[PDB]
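J.: If you scroll down you'll find the structure; I have some questions about it.
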Amino acid sequence: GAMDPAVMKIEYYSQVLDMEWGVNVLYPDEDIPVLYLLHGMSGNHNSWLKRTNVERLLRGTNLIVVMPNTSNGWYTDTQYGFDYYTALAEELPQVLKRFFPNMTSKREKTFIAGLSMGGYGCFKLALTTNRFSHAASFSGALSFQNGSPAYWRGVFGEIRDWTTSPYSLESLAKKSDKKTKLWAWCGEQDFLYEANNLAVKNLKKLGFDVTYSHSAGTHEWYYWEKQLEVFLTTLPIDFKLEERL
Amino acid sequence: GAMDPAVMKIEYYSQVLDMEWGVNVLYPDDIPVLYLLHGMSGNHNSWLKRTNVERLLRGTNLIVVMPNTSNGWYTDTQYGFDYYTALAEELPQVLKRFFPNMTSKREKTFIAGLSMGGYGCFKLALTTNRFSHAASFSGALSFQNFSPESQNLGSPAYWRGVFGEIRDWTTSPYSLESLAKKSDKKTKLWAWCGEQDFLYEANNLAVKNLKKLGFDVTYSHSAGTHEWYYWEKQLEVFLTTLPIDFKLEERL
Amino acid sequence: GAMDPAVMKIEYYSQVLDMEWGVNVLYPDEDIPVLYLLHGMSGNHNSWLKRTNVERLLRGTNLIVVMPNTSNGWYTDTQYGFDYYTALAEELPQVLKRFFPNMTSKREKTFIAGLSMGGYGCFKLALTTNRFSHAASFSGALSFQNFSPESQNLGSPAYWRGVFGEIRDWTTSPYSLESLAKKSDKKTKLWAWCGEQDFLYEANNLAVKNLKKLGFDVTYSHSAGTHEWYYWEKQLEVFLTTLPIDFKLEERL
Amino acid sequence: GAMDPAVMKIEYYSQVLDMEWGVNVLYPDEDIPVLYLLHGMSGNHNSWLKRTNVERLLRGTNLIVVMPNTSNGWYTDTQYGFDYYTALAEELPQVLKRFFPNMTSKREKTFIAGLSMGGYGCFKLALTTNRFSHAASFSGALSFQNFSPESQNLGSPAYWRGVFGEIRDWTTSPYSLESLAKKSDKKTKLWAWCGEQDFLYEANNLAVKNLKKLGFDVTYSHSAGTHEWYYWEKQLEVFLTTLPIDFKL
Ligand SMILES: [Ca+2]
Ligand SMILES: [Ca+2]
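Protein chains in written order, with PDB author numbering: chain D, -4 to 24, 34 to 150, 159 to 257; chain B, -4 to 24, 35 to 257; chain A, -4 to 24, 34 to 257; chain C, -4 to 24, 34 to 253.
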């Protein structure tokens, strides 16, 4: 309907991945603000569309939403020759800006959010690029300090100590100018609650602006959507939630 | 994920419409079937675009079929598009060919719709006698006491395209009351409307008339307007009335 | 692969149609030329992608291709309240300009093409908008003066009345290309092909004759051929070689 | 139109890959024959739909066409934990059989074809499963004994290691079609075409020679052509004429 976002289901060639690849875009209704919205493990670019009311949530909101695909590659340039980090941090923004010149190129209007694996990817991209002003993690896999062996090796190689490896958010934080607002939620009955506690505590000590919340909840889409609703209210976009009598 | 429905987006040729046409189907991980009908301005993508129906169906043994009537009111129109025949007769035949494991039993065959889709839902239930349960969410269930111009909906030519010239709605062949003559009364009818919906009085009237005709109608109403948030909530309630062992997601 | 166009399946709201609606876009891999490519009766915005190799054809070509949907409404503001002409001639270009500012807004680089019902729609939009430099019809339904849908039992009386109302005489009705031509500045290069074994061949001969009499720039070609996708695909290939876009046909040894 | 195949674009969960995954199906519009149609490198389940007139080709043909996705994984259970072979050889057919009970479960009505990487994957599935009666390769990557991907700027050392591990000699490796052929009952008709100007021409010549030596029924053709979709579409047409489906043109 009127005020609902247009939806762009995009098939594009990734030179970085040497693959025909996919992204979804929600386009409002120029310097239009952008939110990158990252899926978790087992997911892809369709996840937020399949698993939440993000479309309804974006009604009347001047915000472009970009949903990338990392296909179980952890937003990482992998050991097996698939450069997912490069494809999504570098190539995708270039591809989209070419299609959509009215999308903002300003940090203060560029945001990121993800759930689980996407929570890790979100914080990683926020810390390494310095191109985002706000970054949100919902039940993120924020630390491995506390699949299959071949699978995990494919992502991270051999890991002795997670926190001191270049893959930890603590280590990636060294690349950050610390000017990104970080936002995190985790359910208190989530298996990743303690990983979130450790990562948040570390990032705060390292001097980062981290707004961490936690409440009753488990590792489920209902909660991640609810927390996206909360995160959107923190953005400079004048968001309004639907009436719910 | 595991237990989530498969989604198939189907491009098929409608011989009835003489059109390339489309439908969406959710297929679970003699399987019951729910036909889920869109409203005005909508199409076969509406329920997927506007609700968490996909997430709602996790772990539930139910095929969901989403047809498209493209603003044609689930009606064989005045302008040569036989949408009723295409969706009531052709689509079920097409899908049965693809999906032989879909039930052919009335007791396992259901339909639901919102607004124009609530009208279409009750029309199909009353005319076919092939459904056991039929639900309307803020349905356009009568035009006797509701005029679309009060809400700047369509135009005189558009309405004439669907229904022709209508002197009196209820006594016309298009009313649910008139269409009810084709019904064996053995379909459970289920309706909700928000008390702040422009269609509240239309629902009140149609429900009273169908009950007076001896239909089994379960009508509920509460705070609410003409919005997707409510239709999604009421689909959730309706699913609990079906013989499908549905359980809602955890919400702490 | 590399050099292949990106494909955009677009779900947008049409205020004109009061509908959730759709279009497909091929976007080359900056004032980029655009071709609007119109489907025929029984088709939709998916037709050219489903029924031809247009995607493979556009490899390495700097041209955006827009495939709209008129859903059997003849690119016409109908008698039953669906304003397909306004939706496609007016609203769609505005919607696309907003999404794609790098798409050209110049007549010199804006083109249109269509098969059958889409050939009619193509010439109609070319004549009435003055926004296109080149317009191509493939086996177009260019006249109903000497063609009747009753010859092949296409549609139904109610269907045709739904599109055009009651017509005494096609050529003198406001729906004819001959009537619609009055809105044209005559600056569009019109291009038409029709197969000699097509039910629409004489309709093409007549429309072409009439438009040339009115002083239009019309290039008309015909050869053995029938009312089939094989021919429409072949003629699209020919049309692309005529456009100011550096098109090169794939190798076929 | 009338007689054209229905198209279903399918999103399903792959337990084997722990992925939301995809396949396309053309369904003719009862024991219906099935063709698995495999994409090449850089492609996916959409490849044959995007790059050919396969839809038009199948008008009036009683054949289901299944297009899987191996996402640059070479139809192989990889060294990095993605079991593409198992997902496509075992899981996908079980998934589709559940949706479509009218699809054949007979070997004599089950066929497979692929281009490039898909030619390799096709012959691999045919040799290993013994569940197909006819298998076709179009410009297939049928051997790496005499072809190095580096010559065409394809992949990277890390990429190839991810698929095949370290390879001292291709033909004697368990990954070669020659080695995979040990699992075959030889009761699958193999069909191959390659362009005489294709960079994979010599790889085809070698694999065909070897499979013939091993006692396989291999129909191999070659003519003018390069590594392009135009040729693969034409050759799919020729392959269809060899199938027990009364294909028309
Ligand atoms: Ca959705
Ligand atoms: Ca295609």
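For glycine and all other residues, C-beta sits at the position ideal for the given N, C-alpha and C.
Which bits of chain D does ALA145(C) rub up against, with CB to CB less than 7 Å?
T.: Ordered by position in chain D, no residue passes the 7 Å Cβ test against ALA145(C), which lies about 15 Å from the chain.
J.: With a CB to CB cut of under 8 Å and the five nearest residues on each side skipped, what residues in its chain are close to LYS110(C)?
T.: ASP35
J.: For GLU6(B), go through chain C and note every residue whose CB falls closer than 7 Å to its CB, in chain order.
T.: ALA1, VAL2
J.: Measure the alpha-carbon distance for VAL167(D) versus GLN83(D) and round it to whole angstroms.
T.: CA-CA distance, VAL167(D) to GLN83(D), rounds to 6 Å.
J.: Check this for me: beta carbons of residue 26(A) and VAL38(A), under 8 Å apart or not?
T.: Since chain A is numbered 24 and then 34, with no step between, residue 26(A) has no place in the structure shown.
J.: Going by DSSP in three states, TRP16(C) sits in which element: helix, strand or coil?
T.: DSSP places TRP16(C) in strand when its eight states are reduced to three.
J.: Is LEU67(B) close to chain D, meaning its C-beta is less than 8 Å from at least one C-beta of that chain?
T.: No, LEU67(B) does not count as interfacial toward chain D.
J.: How about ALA145(B) and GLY123(B): are their beta carbons less than 8 Å apart?
T.: yes
J.: Reducing DSSP to helix, strand and coil, say where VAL222(D) ends up.
T.: strand
J.: Have a look at residue 315(C) and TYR179(A) and give me their C-alpha separation to the nearest angstrom.
T.: Outside the shown range of chain C (-4 to 253) lies residue 315(C), about which nothing can therefore be said.
J.: To which residues does DSSP link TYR7(C) through a beta bridge?
T.: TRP16(C)
J.: Run down chain A in chain order and give the residues with a C-beta less than 7 Å from the C-beta of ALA162(B).
T.: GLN83, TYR84, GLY85
J.: Given the structure, does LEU240(D) come close to ligand 1, in the sense that its CB is under 7 Å from one of the ligand's heavy atoms?
T.: no
J.: Provide the residue(s) that pair with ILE68(D) in DSSP beta bridges, ordered along the chain.
T.: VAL38(D)
J.: Is the closest heavy atom of ligand 3 to the C-beta of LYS4(B) under 7 Å?
T.: What this structure holds is ligand 1 and ligand 2, not ligand 3.
J.: Could you check which residue in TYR89(C), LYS190(C), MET71(C), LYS113(C) has the C-alpha nearest to that of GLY125(C)?
T.: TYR89(C)
J.: For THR114(C), name the three-state secondary structure that DSSP assigns.
T.: Here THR114(C) sits in strand by DSSP.
J.: Can you list the beta strand (DSSP E) stretches of 3 or more residues lying completely in the segment 91 to 139 of chain A, in chain order?
T.: 114 to 119
J.: Please work out which residues of its chain come closer than 7 Å, Cβ to Cβ, to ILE249(D), disregarding the five sequence neighbours upstream and downstream, and give them in chain order.
T.: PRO37, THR65, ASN66, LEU67
J.: In whole angstroms, what is the alpha-carbon distance linking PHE142(C) and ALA117(C)?
T.: 8 Å
J.: Please classify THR245(A): is it buried, with 16 or more other beta-carbons within 10 angstroms of its beta-carbon, or exposed?
T.: exposed
J.: Assuming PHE136(A) and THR223(A) form a contact by the criterion Cβ under 8 Å, report the distance between their Cβ atoms to the nearest whole angstrom.
T.: Going by Cβ atoms, the distance from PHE136(A) to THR223(A) rounds to 15 Å, so no, they are not a contact pair.
J.: Please say whether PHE251(B) and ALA140(B) have beta carbons closer to each other than 8 Å?
T.: no
J.: Buried or exposed for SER75(C), please, with buried defined as at least 16 other CB atoms from any protein chain shown within 10 angstroms of its CB.
T.: buried
J.: Provide the residue(s) that pair with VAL2(A) in DSSP beta bridges, ordered along the chain.
T.: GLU6(D), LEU21(A)
J.: Would the beta-carbon of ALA(-3)(C) fall within 8 Å of that of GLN10(B)?
T.: yes
J.: In three-state DSSP terms, what is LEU253(C)?
T.: Coil at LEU253(C), not helix or strand.
J.: Report all residues from its chain with a CB closer than 7 Å to the CB of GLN239(D); omit the five preceding and five following residues, and keep chain order.
T.: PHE142, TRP197
J.: Indicate, with yes or no, if ligand 1 has a heavy atom lying under 7 Å from the CB of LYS54(D).
T.: Between ligand 1 and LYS54(D), a heavy atom-to-CB distance of less than 7 Å is present.
J.: Can you check which of these residues, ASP24(A), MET3(A), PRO23(A), is closest to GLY17(A) by C-alpha distance?
T.: Out of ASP24(A), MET3(A), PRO23(A), the CA that lies nearest to the CA of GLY17(A) is found in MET3(A).
J.: Keeping to the same chain, check which residues put their C-beta closer than 8 Å to that of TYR8(B); ignore five residues upstream and five downstream.
T.: Answer for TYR8(B): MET14, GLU15, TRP16, listed in chain order.
J.: Taking the alpha helix (DSSP H) that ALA162(B) belongs to, which residues open and close that run?
T.: 161 to 168
J.: What three-state label does DSSP hand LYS190(D) in the structure shown?
T.: coil
J.: Can you tell me whether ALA185(B) is buried or exposed? The criterion is at least 16 other CB atoms within 10 Å of its CB, across all chains shown.
T.: buried
J.: Nearer than 7 Å: is that true of the beta carbon of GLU59(B) relative to any heavy atom of ligand 1?
T.: yes
J.: Using Cβ-Cβ distances below 9 Å, what residues of the segment 105 to 139 of chain B are close to chain C?
T.: Residues of the segment 105 to 139 of chain B with a Cβ closer than 9 Å to any Cβ of chain C, in chain order: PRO105, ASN106.
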